[PDB]
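Novice: There's a structure below that I have some questions on.
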Amino acid sequence: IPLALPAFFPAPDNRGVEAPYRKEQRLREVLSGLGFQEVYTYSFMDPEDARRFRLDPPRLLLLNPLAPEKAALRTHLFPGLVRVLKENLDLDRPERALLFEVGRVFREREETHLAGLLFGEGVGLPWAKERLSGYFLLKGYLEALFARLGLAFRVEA
Amino acid sequence: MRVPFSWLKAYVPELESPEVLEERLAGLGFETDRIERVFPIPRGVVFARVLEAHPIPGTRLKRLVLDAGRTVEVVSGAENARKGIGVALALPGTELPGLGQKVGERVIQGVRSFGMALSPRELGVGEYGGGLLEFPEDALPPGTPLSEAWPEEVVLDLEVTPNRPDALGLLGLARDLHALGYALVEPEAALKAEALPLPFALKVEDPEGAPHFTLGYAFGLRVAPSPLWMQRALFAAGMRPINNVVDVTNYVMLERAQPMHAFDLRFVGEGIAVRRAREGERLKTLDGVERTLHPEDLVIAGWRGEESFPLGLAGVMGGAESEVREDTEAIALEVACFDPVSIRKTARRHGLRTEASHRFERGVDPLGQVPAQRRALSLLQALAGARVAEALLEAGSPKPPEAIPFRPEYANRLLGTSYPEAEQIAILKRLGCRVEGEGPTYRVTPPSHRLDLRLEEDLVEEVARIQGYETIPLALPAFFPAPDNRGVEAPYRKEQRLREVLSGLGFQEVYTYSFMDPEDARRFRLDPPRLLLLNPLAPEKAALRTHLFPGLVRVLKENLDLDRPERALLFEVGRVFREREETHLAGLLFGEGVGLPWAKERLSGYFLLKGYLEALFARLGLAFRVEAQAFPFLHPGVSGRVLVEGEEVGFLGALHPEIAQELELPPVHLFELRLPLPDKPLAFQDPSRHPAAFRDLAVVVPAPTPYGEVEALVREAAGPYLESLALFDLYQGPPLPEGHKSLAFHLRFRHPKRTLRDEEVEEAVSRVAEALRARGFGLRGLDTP
Amino acid sequence: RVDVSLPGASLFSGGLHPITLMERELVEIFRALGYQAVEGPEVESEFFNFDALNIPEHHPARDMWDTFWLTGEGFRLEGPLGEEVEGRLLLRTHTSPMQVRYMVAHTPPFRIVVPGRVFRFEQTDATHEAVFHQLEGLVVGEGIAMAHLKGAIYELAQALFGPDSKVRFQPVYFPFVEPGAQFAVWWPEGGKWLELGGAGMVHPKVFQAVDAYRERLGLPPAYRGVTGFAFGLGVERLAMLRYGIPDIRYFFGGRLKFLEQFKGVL
Amino acid sequence: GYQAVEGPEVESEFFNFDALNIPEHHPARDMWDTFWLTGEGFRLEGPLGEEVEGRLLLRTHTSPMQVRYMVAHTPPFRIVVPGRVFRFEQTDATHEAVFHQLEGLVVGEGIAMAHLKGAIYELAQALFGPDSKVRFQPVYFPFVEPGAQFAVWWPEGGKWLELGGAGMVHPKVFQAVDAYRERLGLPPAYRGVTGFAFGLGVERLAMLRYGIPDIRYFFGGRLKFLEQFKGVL
């Protein structure tokens, strides 16, 4: 069988059909530029976790899980973020983190979510004392994100 | 090029309308910038005869007795106003475009002017307002509206591209239209010639300049105004009628892209000599300006005895003295091909651009002079009653064009089209080529007049446009690209990520001109610029950017003075010029800094920059540090060279206050460095499952010691088992050696396979106590859990 | 003075996940051949994951896909046209359903590449995951032939491995493709044949399935007189060879010391 | 399938003009009001990094890049080359003395004008949607025959955009590069191939897209202006 490449004008309904995918990749990329570290988490969730992190129950369950801790479907990205901070405080005792995950989550419909996570001392001069951290550090990084996406941003009570 | 619909319509009768002509010429390769409708002439303007012209005693005015159906008088101040010509008479009541007020009978210096005779400007047909419009005395019956012999015209404004000089003649255009399938009407040039000697010779002393040069002889001329139809045509093409013979020379020219000039024999002497001008030789040209010729200038000269005198500035503008006027009875007719470069030079050398030059710059049909002589001679015969000799004087033997190999199959192949051979070969003929042979490859020679037809692919464009660029199908190519082309885009891509990671980081990008102000080298204290403009936009833009940052600084100023922003973090990537062209990336900080706009604490200035930067390189995966090295344009206190992956690439620092002074701004912080950035390849380091070993101890060190040297030293001896080495407290004061300083260092260790025993730790850290104390340092702290 | 080597305001440096890099290079590679990238849902129906791909019930071909079955009430699983779809729910065992999906919603000719998270009930070791990523290809239209499939893969290989690279095609069985095939690439600095993925000419019964679904949705047939080629290519495997990662389990792990190692890459 | 490469902003007359069939004192050079540079000790490196000589100038178009590229590579290939380009012209609202061009060059066996049209058709479809169409008219460039200007139809404007020029790369260009190749000791590579190039001005297009009323803004430094584009993607 010879080698060859096809030539054709694609049909109209196929035009810019990649907009969505591309949109999400920029998000990720602008995010790396911003200062966020990305992490992949299993799509599974521990049913007990709904109580723990105080979530409404998970609607999709495994008729045959890898194990009970992996017996339902992720309703939120963040629990996994938290659980993964624990996991490498217990390992490499890092002093601070700025994580972000994008994953599919499951409830009513399948939807795409983006979750972020801060922690620790914050940012400044590691030899000095003043630091920016906690809530407004987050909100600061975020209103900056949206500055770049060109979207209006505020948070209420 | 003004292209008057009705005039073109004479050669191509079947034209549908000005607009389908616009679209027709479009497919031919000629864009029309505007389509204008031109000669609105009201009822009130009638043709009239000047029976007598009577000076008004005491004035510079004349009483004109006109036959305008009935007899009427008007007063005119016009030089040319005089008996025996026809005029355009605007009667009382007439609304003229170029005067806004109405036309009445008013009283002037004793006489009731019953309207007025018009100038080209007053009627609305030309810019000229220095004289009466002058017509043949019999052009019309007295009193008839001009409209009836002077209909409105529409004239398209065509751009004609340099490859189509033949298109600088309307008959040129017609030929193209003809190839689309429109019928052509070439003007028949009826000559009743006479066999007899030309009363003057020809001596062309410069075949370089005039590879082909002809003279025609016309005598017994009745110089007078041109007929209405010619005046109308000429005015429409942006030229103003002068008379008979002059007008015919302009009319041909506009027709077949072939400038020509009638010299009055009175001034010609024994002969015309087409030659270079003698230094300083003078010449009053047509436009009435006294000029001084250059040796490189080719002149049309005459001679008499041992006298040689310039008659005109060849191919550009005729002399003023020999211009044809009412009393001229005979002329030598110049019709030639001139050296395009020479004419070009002459023209620029003198600040002249004419219909005559221009056509000679773009180029004229190397074998058209004779056909041209005939057309002109013919007209001169028809309109001025010229008698004309059979013989021309001719000098130059230009060769016909050579045949070009042409393959309908290549044509279809090169285009993607599928035109039948027969159709290709026919179009080629309509455009006037000879096509010999039977195929597959044809002998096809173009008409001399198509300067632009030399190559086989020239011929293909020829069938393409005549056939229609629209008749070319759409398609996409498929091919495996050649190997040397693989990943050839790496560099470009590399630079785009840089930019993009930069936007994500928080940097704002800005484009700056590549120019630099030569004075700026002093200002910002740079070595001079090596590339200079032999012709700048202006002195401030007269050299080439040696650094990106000056422009950054200058642009901060520029919008502090405008929008008073409180802070900025700019970045530019541009090409810079010195020794070689290189790609640079410059950044810029300024202002309060970052924190909580309602609180007080802020991070800013130098370490804010360095912070953003070591973060950048964190993301590019490159090692980053800066050392101590002055830079003429920086602070002697805030000056560093940048070291990515261990090699110097530019500078980090705070502007020099003395420059901040001169340019009138607060402390700015900038950096500049050479692209491309060093690449570091992944050396994936499988981590360690087994736990780490923590302990802290500070280092007491002299004040001037750069953080680098210590960190470096602590590291290099710390061992083949170190992890997080980082600084967590800078203290200075009591109880340290009269102004020293201790550095708080967080240390961590670890081992891939086994686990770290307290033995291998306390040892290897005292092995750091080795080169540390044995250098002049020592510990403020030690072994703190 | 102002010690100029003294560490600066330590700001946060972000990074991308190994898979994201690999996914990216992948789509970048294919989008230069004119493939456009679209995604599909991770929770699928058996109809899309199996039946529409010629993988029928109690057929010995389903054993290539150890499947997670999901239960749960009140869950709108939206189809190609956003219509509420019914069917026994599961987790994607491959991205392949996306091409039935896409074909219903669009018309030929087109080139698509679809990345996704995919699931299998399997024992998590060092060269195996229960959750990993695939990259699908689908090129459908008049005239499309197996020479074009080979061409694509040849192109893939040239770009991931340089000129010294070559591709190998061997017959193999997939229900949604015949002629079917496994493809391997030759990677010079390894002197090794990489089994990369499977492929073939999209199966007549697949085209039939989509045009049938189309009718139910009231749409016109669009795949009677076209041919196509698809491929399925597993991404972790490829990322492992590229970034030199010894253990697939790392990808889903959260170890910063691991993730951070990839900030550089481009 | 176009790959993007760049070229130098400071060029030789040989690359900017002679190799593109734009000869000295030819009336076709008037389409390019040129900045001439002077300066001593300046290595202007050629396609193979060799030190090149010749009268220095600023790129009047990106076009030289394709002579450049063709010397350094072999057919078939698709390239697109962006760049900053210069012209001695009066800075108004729809004109710059410094602006950007995007070149295209597709060379190989079999390449034809149908493929040029195809490319542009594709360009237009993507910048303007399906309701868009392209118009091709003959026009003159010395480095291309058949040559052509192309315009695109932009629906929300009901307007024909004159976008750029194009054509089948000229026989004398291929000849020029293969000649330069010999001087460099390389083998001929363009005897039996055809090609199509295009030149497309970018500010014009950016103005229609982002709705910018004044070209002078691009080189201006106004943050209040630049900042307005943080969003876009």
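In the structure tokens, the first chain shown is A, the next is B, and so on; residue numbers restart at 1 for each chain, and ligands run from 1 in the order shown.
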Could you list the residues in chain D lying within 12 Å of chain C, using only C-alpha atoms, and format the result as a list in words?

Specialist: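 Going by the stated atoms only, the list reads residues 1, 2, 3, 4, 78 and 122 of chain D.
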
Novice: Could you please select, counting only C-alpha atoms, the residues of chain A within 8 Å of chain C and state them as a PyMOL selection string?

Specialist: chain A and resi 1-6+8-11+13-14+17-18+20-21+28-29+31-42+59-66+84-85+87-88+92+98+104+107-110+123-126

Novice: Got time to write the residues from that selection, N, CA and C atoms, as a compact mmCIF listing (two decimals), in the first residue's frame?

Specialist:
# COMPACT_ATOMS: atom_id res chain seq x y z
N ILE A 1 0.83 -1.21 0.00
CA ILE A 1 0.00 0.00 0.00
C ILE A 1 0.87 1.26 0.00
N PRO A 2 0.69 2.12 -1.02
CA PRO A 2 1.46 3.35 -1.16
C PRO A 2 1.14 4.35 -0.05
N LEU A 3 1.94 5.40 0.05
CA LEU A 3 1.64 6.49 0.97
C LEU A 3 1.05 7.66 0.20
N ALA A 4 0.24 8.46 0.87
CA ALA A 4 -0.48 9.53 0.19
C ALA A 4 -1.14 10.46 1.17
N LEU A 5 -1.46 11.64 0.67
CA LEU A 5 -2.14 12.62 1.49
C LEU A 5 -3.36 13.09 0.71
N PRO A 6 -4.48 13.28 1.42
CA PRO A 6 -5.72 13.75 0.81
C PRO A 6 -5.74 15.28 0.68
N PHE A 8 -8.87 18.24 0.13
CA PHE A 8 -10.29 18.54 -0.07
C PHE A 8 -10.70 19.79 0.67
N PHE A 9 -11.65 20.52 0.09
CA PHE A 9 -12.26 21.63 0.78
C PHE A 9 -13.26 20.98 1.73
N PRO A 10 -13.08 21.18 3.04
CA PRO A 10 -13.94 20.62 4.08
C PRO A 10 -15.32 21.21 3.97
N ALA A 11 -16.33 20.45 4.38
CA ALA A 11 -17.70 20.92 4.31
C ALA A 11 -17.94 22.03 5.33
N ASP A 13 -20.25 22.88 7.53
CA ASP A 13 -20.67 22.70 8.92
C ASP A 13 -19.47 22.38 9.83
N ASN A 14 -18.35 22.00 9.22
CA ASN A 14 -17.14 21.68 9.96
C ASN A 14 -16.25 22.89 10.31
N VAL A 17 -15.02 24.41 14.06
CA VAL A 17 -15.65 23.43 14.91
C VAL A 17 -14.75 23.17 16.12
N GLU A 18 -13.55 23.75 16.08
CA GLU A 18 -12.57 23.51 17.13
C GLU A 18 -12.52 24.68 18.11
N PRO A 20 -14.28 25.58 20.68
CA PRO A 20 -14.34 25.22 22.10
C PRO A 20 -13.03 24.67 22.62
N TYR A 21 -12.50 23.64 21.97
CA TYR A 21 -11.28 22.98 22.43
C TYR A 21 -10.15 23.98 22.64
N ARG A 28 -5.93 27.09 30.02
CA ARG A 28 -4.84 26.37 30.65
C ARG A 28 -3.53 27.14 30.52
N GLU A 29 -3.26 27.65 29.32
CA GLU A 29 -1.94 28.21 29.03
C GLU A 29 -1.71 29.55 29.68
N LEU A 31 -3.03 30.25 32.26
CA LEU A 31 -3.02 29.87 33.66
C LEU A 31 -1.61 29.53 34.10
N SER A 32 -0.88 28.83 33.23
CA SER A 32 0.51 28.50 33.52
C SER A 32 1.33 29.78 33.55
N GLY A 33 1.00 30.70 32.66
CA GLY A 33 1.71 31.96 32.60
C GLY A 33 1.44 32.80 33.84
N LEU A 34 0.25 32.63 34.39
CA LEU A 34 -0.16 33.41 35.54
C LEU A 34 0.63 33.02 36.78
N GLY A 35 0.84 31.71 36.95
CA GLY A 35 1.61 31.17 38.05
C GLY A 35 1.03 29.90 38.64
N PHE A 36 0.01 29.36 37.98
CA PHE A 36 -0.71 28.19 38.49
C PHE A 36 -0.10 26.88 38.03
N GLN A 37 -0.08 25.90 38.93
CA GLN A 37 0.43 24.58 38.60
C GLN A 37 -0.71 23.61 38.38
N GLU A 38 -0.71 22.92 37.25
CA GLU A 38 -1.84 22.05 36.97
C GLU A 38 -1.61 20.61 37.40
N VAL A 39 -2.71 19.95 37.70
CA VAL A 39 -2.67 18.62 38.27
C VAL A 39 -3.87 17.80 37.78
N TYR A 40 -3.62 16.55 37.42
CA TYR A 40 -4.71 15.66 37.04
C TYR A 40 -5.11 14.78 38.22
N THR A 41 -6.42 14.71 38.46
CA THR A 41 -7.00 13.93 39.53
C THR A 41 -7.92 12.89 38.91
N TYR A 42 -8.00 11.70 39.51
CA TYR A 42 -8.97 10.70 39.05
C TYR A 42 -10.38 11.30 39.01
N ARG A 59 -24.42 11.59 42.09
CA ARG A 59 -25.52 10.92 41.41
C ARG A 59 -25.09 9.69 40.61
N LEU A 60 -23.85 9.66 40.14
CA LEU A 60 -23.41 8.49 39.39
C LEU A 60 -22.52 7.58 40.25
N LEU A 61 -22.90 6.30 40.31
CA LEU A 61 -22.22 5.31 41.13
C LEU A 61 -21.69 4.17 40.29
N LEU A 62 -20.66 3.50 40.80
CA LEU A 62 -20.05 2.40 40.07
C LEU A 62 -20.68 1.07 40.42
N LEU A 63 -21.37 0.48 39.45
CA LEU A 63 -21.80 -0.90 39.59
C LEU A 63 -20.63 -1.88 39.73
N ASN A 64 -19.42 -1.35 39.87
CA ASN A 64 -18.24 -2.21 39.91
C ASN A 64 -16.95 -1.42 40.01
N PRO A 65 -16.76 -0.73 41.14
CA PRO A 65 -15.62 0.17 41.38
C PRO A 65 -14.28 -0.57 41.47
N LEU A 66 -13.18 0.17 41.35
CA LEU A 66 -11.86 -0.39 41.62
C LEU A 66 -11.81 -0.73 43.10
N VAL A 84 -5.00 16.22 47.54
CA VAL A 84 -3.70 16.06 46.91
C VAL A 84 -2.66 16.97 47.55
N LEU A 85 -3.12 18.06 48.17
CA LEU A 85 -2.23 18.89 48.97
C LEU A 85 -1.74 18.09 50.18
N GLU A 87 -1.59 14.97 50.46
CA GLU A 87 -0.74 13.88 49.97
C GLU A 87 0.73 14.24 49.76
N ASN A 88 1.04 15.48 49.39
CA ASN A 88 2.46 15.86 49.30
C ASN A 88 2.98 16.88 50.33
N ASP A 92 6.75 15.72 50.72
CA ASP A 92 7.84 16.62 50.37
C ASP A 92 7.73 17.96 51.10
N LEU A 98 0.34 26.71 44.48
CA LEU A 98 -0.75 27.33 43.71
C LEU A 98 -1.18 26.40 42.57
N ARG A 104 -13.66 17.15 33.91
CA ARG A 104 -15.09 16.90 33.80
C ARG A 104 -15.66 16.47 35.15
N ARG A 107 -22.92 15.61 37.53
CA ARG A 107 -24.10 15.95 38.32
C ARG A 107 -25.18 16.60 37.45
N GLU A 108 -26.29 15.89 37.24
CA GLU A 108 -27.36 16.36 36.36
C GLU A 108 -26.89 16.16 34.93
N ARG A 109 -25.92 16.97 34.53
CA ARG A 109 -25.22 16.80 33.27
C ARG A 109 -23.72 16.72 33.55
N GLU A 110 -22.97 16.22 32.57
CA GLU A 110 -21.51 16.29 32.59
C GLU A 110 -21.10 17.71 32.25
N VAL A 123 3.60 35.04 49.08
CA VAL A 123 4.69 35.56 48.25
C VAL A 123 5.25 36.89 48.75
N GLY A 124 6.57 37.01 48.66
CA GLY A 124 7.27 38.24 49.01
C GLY A 124 8.77 38.06 48.83
N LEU A 125 9.54 38.50 49.82
CA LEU A 125 10.98 38.32 49.83
C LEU A 125 11.32 37.27 50.88
N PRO A 126 11.73 36.08 50.44
CA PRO A 126 11.93 34.94 51.34
C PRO A 126 12.86 35.24 52.51

Novice: With only C-alpha atoms as the counted atoms, please give the residues lying no more than 7 Å from range 55-58 of chain D, apart from itself and same-chain residues fewer than 6 positions off, as a ChimeraX atom specification.

Specialist: /D:9-13,35-38,86

Novice: Show which residues sit within 8 Å of range 226-238 of chain B, as a list in words. Count only C-alpha atoms, and ignore same-chain residues fewer than 4 positions away.

Specialist: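 Contacts, with the query itself left out: residues 1, 2, 3, 4, 7, 38, 125, 126, 135, 136, 139, 149, 150, 153, 155, 242, 243, 244, 247, 250, 251 and 383 of chain B.
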
Novice: Take the residues from that selection and write them out as a CSV table (one decimal), in the first residue's frame, keeping N, CA, C and O atoms.

Specialist:
chain,number,residue,atom,x,y,z
B,1,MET,N,-4.8,57.6,-15.6
B,1,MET,CA,-5.0,57.9,-17.0
B,1,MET,C,-6.5,58.2,-17.3
B,1,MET,O,-7.2,57.2,-17.1
B,2,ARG,N,-6.8,59.4,-17.6
B,2,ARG,CA,-8.2,59.7,-17.9
B,2,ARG,C,-8.6,58.9,-19.2
B,2,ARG,O,-7.9,59.1,-20.2
B,3,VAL,N,-9.6,58.1,-19.1
B,3,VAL,CA,-10.1,57.4,-20.2
B,3,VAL,C,-11.6,57.8,-20.5
B,3,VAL,O,-12.5,57.4,-19.7
B,4,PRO,N,-11.8,58.7,-21.5
B,4,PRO,CA,-13.1,59.2,-21.8
B,4,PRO,C,-14.0,58.2,-22.6
B,4,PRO,O,-13.6,57.9,-23.7
B,7,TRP,N,-14.6,58.4,-26.4
B,7,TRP,CA,-13.4,58.4,-27.2
B,7,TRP,C,-13.0,57.0,-27.4
B,7,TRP,O,-12.8,56.5,-28.6
B,38,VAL,N,-18.9,64.7,-16.8
B,38,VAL,CA,-18.1,65.9,-16.9
B,38,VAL,C,-18.6,67.2,-17.5
B,38,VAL,O,-18.3,68.3,-16.9
B,125,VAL,N,-15.1,73.0,-18.4
B,125,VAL,CA,-14.5,71.9,-19.1
B,125,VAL,C,-13.0,71.7,-18.9
B,125,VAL,O,-12.4,70.7,-19.2
B,126,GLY,N,-12.4,72.8,-18.3
B,126,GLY,CA,-11.0,72.7,-18.0
B,126,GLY,C,-10.6,73.7,-16.9
B,126,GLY,O,-11.4,74.5,-16.4
B,135,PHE,N,-13.1,78.3,-30.8
B,135,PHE,CA,-13.6,77.2,-31.7
B,135,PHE,C,-13.4,77.7,-33.1
B,135,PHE,O,-13.2,78.9,-33.4
B,136,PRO,N,-13.5,76.7,-34.0
B,136,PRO,CA,-13.6,77.1,-35.5
B,136,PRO,C,-14.8,78.0,-35.6
B,136,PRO,O,-15.9,77.8,-35.1
B,139,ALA,N,-17.9,76.1,-36.7
B,139,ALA,CA,-18.2,74.8,-36.1
B,139,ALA,C,-19.7,74.5,-36.1
B,139,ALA,O,-20.1,73.3,-36.2
B,149,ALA,N,-23.6,70.0,-29.7
B,149,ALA,CA,-22.3,69.5,-30.3
B,149,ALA,C,-21.3,69.2,-29.2
B,149,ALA,O,-20.2,68.9,-29.5
B,150,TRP,N,-21.7,69.2,-27.9
B,150,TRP,CA,-20.8,69.1,-26.8
B,150,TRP,C,-21.6,68.4,-25.7
B,150,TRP,O,-21.9,69.0,-24.7
B,153,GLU,N,-19.8,63.9,-21.1
B,153,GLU,CA,-19.0,62.8,-21.2
B,153,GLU,C,-18.8,62.0,-19.9
B,153,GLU,O,-18.9,62.6,-18.8
B,155,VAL,N,-15.9,59.9,-17.9
B,155,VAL,CA,-14.5,59.6,-18.0
B,155,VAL,C,-14.0,58.8,-16.8
B,155,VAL,O,-14.1,59.2,-15.7
B,242,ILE,N,-4.9,73.8,-28.0
B,242,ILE,CA,-4.1,74.9,-28.3
B,242,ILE,C,-4.4,75.4,-29.7
B,242,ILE,O,-4.5,76.6,-30.0
B,243,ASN,N,-4.4,74.4,-30.6
B,243,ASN,CA,-4.8,74.6,-32.0
B,243,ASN,C,-4.5,73.3,-32.8
B,243,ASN,O,-3.6,72.6,-32.5
B,244,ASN,N,-5.3,73.1,-33.9
B,244,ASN,CA,-4.9,72.3,-35.0
B,244,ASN,C,-3.8,71.3,-34.8
B,244,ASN,O,-3.9,70.2,-34.4
B,247,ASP,N,-2.8,70.2,-31.2
B,247,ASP,CA,-3.9,69.3,-30.7
B,247,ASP,C,-3.8,68.0,-31.3
B,247,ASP,O,-4.0,67.0,-30.6
B,250,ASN,N,-1.2,65.9,-29.6
B,250,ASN,CA,-1.6,65.4,-28.3
B,250,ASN,C,-2.7,64.4,-28.5
B,250,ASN,O,-2.7,63.4,-27.7
B,251,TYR,N,-3.6,64.5,-29.4
B,251,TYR,CA,-4.6,63.6,-29.7
B,251,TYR,C,-4.0,62.2,-30.1
B,251,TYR,O,-4.4,61.2,-29.4
B,383,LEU,N,-7.3,68.3,-40.9
B,383,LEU,CA,-7.7,69.4,-40.0
B,383,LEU,C,-7.0,70.7,-40.2
B,383,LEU,O,-7.4,71.8,-39.8

Novice: Run DSSP on the backbone and tell me which residues of range 672-718 of chain B come out as strand (DSSP E); list them as a short mmCIF file (atom, residue, chain, number, x, y, z; two decimals) with N, CA, C and O atoms, in the first residue's frame.

Specialist:
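Output below, filename out.cif:
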data_model
loop_
_atom_site.label_atom_id
_atom_site.label_comp_id
_atom_site.auth_asym_id
_atom_site.auth_seq_id
_atom_site.Cartn_x
_atom_site.Cartn_y
_atom_site.Cartn_z
N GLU B 672 17.13 43.97 29.60
CA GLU B 672 17.26 43.68 28.17
C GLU B 672 18.19 42.49 27.92
O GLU B 672 19.23 42.35 28.57
N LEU B 673 17.81 41.63 26.98
CA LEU B 673 18.59 40.42 26.71
C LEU B 673 18.40 39.85 25.30
O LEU B 673 17.39 40.09 24.65
N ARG B 674 19.41 39.10 24.87
CA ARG B 674 19.48 38.50 23.53
C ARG B 674 18.60 37.26 23.37
O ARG B 674 18.68 36.31 24.16
N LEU B 675 17.78 37.27 22.33
CA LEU B 675 17.08 36.07 21.90
C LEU B 675 17.85 35.47 20.72
O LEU B 675 18.52 36.20 19.98
N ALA B 693 15.67 14.92 54.90
CA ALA B 693 16.35 15.34 56.12
C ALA B 693 16.45 16.86 56.22
O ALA B 693 17.15 17.50 55.43
N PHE B 694 15.76 17.44 57.19
CA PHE B 694 15.72 18.89 57.37
C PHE B 694 16.67 19.34 58.48
O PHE B 694 16.78 18.69 59.52
N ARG B 695 17.35 20.46 58.25
CA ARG B 695 18.00 21.22 59.34
C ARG B 695 18.44 22.60 58.88
O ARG B 695 18.73 22.82 57.70
N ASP B 696 18.47 23.54 59.82
CA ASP B 696 18.80 24.93 59.52
C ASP B 696 20.05 25.40 60.23
O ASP B 696 20.36 24.97 61.35
N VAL B 699 24.55 31.81 58.08
CA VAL B 699 25.95 32.11 57.77
C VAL B 699 26.26 33.59 58.00
O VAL B 699 25.57 34.46 57.47
N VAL B 700 27.29 33.86 58.78
CA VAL B 700 27.72 35.23 59.07
C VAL B 700 28.79 35.67 58.08
O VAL B 700 29.88 35.09 58.02
#
